[PDB]
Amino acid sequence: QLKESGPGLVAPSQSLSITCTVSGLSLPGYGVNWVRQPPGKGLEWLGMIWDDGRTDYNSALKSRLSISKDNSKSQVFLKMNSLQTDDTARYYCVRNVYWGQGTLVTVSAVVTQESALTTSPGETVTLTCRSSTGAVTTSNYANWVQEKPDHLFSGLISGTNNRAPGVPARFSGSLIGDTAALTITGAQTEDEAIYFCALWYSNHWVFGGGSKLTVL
């Protein structure tokens, strides 16, 4: 499990410090990611620290960000200076398919998904995830993350097609044409939610705009 600890409220042009505290027995994946969601906007990848200690950053934010770790305290850190108003958002740390509940901070390549879809219980539905740079392959390690009311995030599929533990068998990840695809076979009412895909581009993640699946 993962748990963010943030100052709640930060002043414009001052700096932001969030601590991600990592607890449990197993550590799936290869490091710890920082992601944020501005209120009412989509998910945005911020950066990652690998288990060897190396870091990658959202290039658009690289100049203001620094990520570190304290292996003795089992924690990973996010620092961002020069806080702007558009920096208001929930901040999540994520390891593989596990997301923390996030902390809300208030300041004092393109991936395209179907924007909306409707289905009926027992019918099968497919969601798609297109890259603007070309075809999607397993080298992109397609992730599918389910946001269920309202800011709780859970990884459904990682590595294009690896079902996360405890995820119902009706969810399967695949490639279809040049897109990544998430198939919900025999959808149920409990699958009404928002589904985000993310694609790996050699040194950074990029999230899609998310799909609102309504189940009648």
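One rule holds for the numbers: they count along the sequence shown, beginning at 1.
- Counting the unmodelled positions of the deposited sequence between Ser108 and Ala109 gives a long gap of 10 or more residues.
- Mean CA B-factor, 189-197 versus 19-27: the higher value falls on 19-27.
- Looking at 144-152 and 172-180 together, the entry lists the larger mean B-factor for 144-152, computed on C-alpha atoms.
- Annotation for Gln101: CA B-factor lies in the middle third of the chain's modelled residues.
- Placement of the Cα temperature factor of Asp56 within the chain: lowest third of the modelled residues, per the deposited record.
- Ranked within its chain, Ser82 lands in the highest third, by CA B factor from the PDB record.
- In this PDB entry, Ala135 carries a Cα temperature factor that places it within the middle third of its chain's modelled residues.
- Remark: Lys69 belongs to the lowest third of its chain, ranked by C-alpha B-factor as recorded.
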